[PDB]
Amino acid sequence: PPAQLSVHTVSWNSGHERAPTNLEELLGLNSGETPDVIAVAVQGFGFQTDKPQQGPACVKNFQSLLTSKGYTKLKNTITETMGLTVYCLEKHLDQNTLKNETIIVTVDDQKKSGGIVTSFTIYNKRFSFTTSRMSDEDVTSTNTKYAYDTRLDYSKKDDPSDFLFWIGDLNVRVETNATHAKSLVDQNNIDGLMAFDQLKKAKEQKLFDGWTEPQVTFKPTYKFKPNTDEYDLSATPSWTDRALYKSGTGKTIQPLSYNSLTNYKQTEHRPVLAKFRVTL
């Protein structure tokens, strides 16, 4: 029963783009780290129907890399617009107690918005990983555009989880004009631009209640002209891929690092990688 465990998360609003070749960078394994748990969330269009047939290649490439490192895939779940995969080092697993469960929440009739929660237990501590997706236009349970639903929040339960992570595009944007956002970016005034970011506004409205984002030090991860580092100012620069954490039982969770991966340049959005240490 280790005192601490490490967790890496990634999310990428990747659209139609296919898993890049350099998965080690994407997962934060390129400096020799061996985290205990890894979660990968993606948002896009048509994963389920899998018309480009990227499905088989995804499995093969992720499985090859991670199985050699001693990971077991607990669950992969895909909808039309979301994917969530969770991996755990096989050595931590006990079949009797693992209680591996996943739910999908569909909030419209087109099954396009909502979320996924995958949860499991190790050392009698329960982990939950959520991703979610909301479009600007939908009628929602919160009467906001934000990709929060109480059904996806396992801190609210009578049997709440110990360690929870929410990764993806929360549909939180920077609420200022493009000119002024670009100006703040050019000055590297990240906190100044974050003053316009909607996460704090969603929290004021008691959404994402008790959920913490690690300090953001990196520039907005959208919208880029593909294969450049230049913003396309047809959209106001925004942080579209986020990692939040909390415990539902007062456990300590410590962010180790939180960064966009600016080398993945082929799409309009940059993926975001977070690293954590949890105390059981």
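Residue numbers run from 1 along the displayed sequence.
Asker: Got a sec? Mean C-alpha B-factor, which is higher, 17 to 25 or 258 to 266?
Answerer: Averaged over C-alpha atoms, the B-factors run higher in 17 to 25.
Asker: Between 157 to 165 and 97 to 105, name whichever shows the higher mean Cα B factor according to the PDB entry.
Answerer: Taking the mean C-alpha B-factor of 157 to 165 and of 97 to 105, the larger value falls to 97 to 105.
Asker: What's the residue among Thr240, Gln215, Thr236, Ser31 with the greatest CA temperature factor in the PDB record?
Answerer: Answer, based on the entry's C-alpha B-factors: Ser31.
Asker: For the listed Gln43, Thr249, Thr221, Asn61, which has the peak Cα B-factor recorded in the PDB entry?
Answerer: Top of the list by C-alpha B-factor: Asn61.
Asker: Within this chain, which third does the Cα B-factor at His180 fall in: lowest, middle or highest?
Answerer: Lowest third, going by the recorded CA B-factors of the chain.
Asker: Ranking every modelled residue in this chain by its Cα temperature factor as given in the entry, which third contains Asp197?
Answerer: As the PDB entry reports it, the C-alpha B-factor of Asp197 lands in the lowest third of its chain.
Asker: Test of reading the entry: by CA B factor among the chain's modelled residues, which third contains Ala57?
Answerer: It belongs to the highest third of the chain when residues are ordered by C-alpha B-factor.
Asker: Taking the C-alpha B-factors as the PDB entry records them, is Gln205 in the lowest, middle or highest third of its chain?
Answerer: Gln205: CA B-factor falls in the middle third of its chain.
Asker: Ranking the modelled residues of this chain by C-alpha B-factor as given in the entry, is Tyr245 in the lowest, middle or highest third?
Answerer: As the PDB entry reports it, the C-alpha B-factor of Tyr245 lands in the lowest third of its chain.
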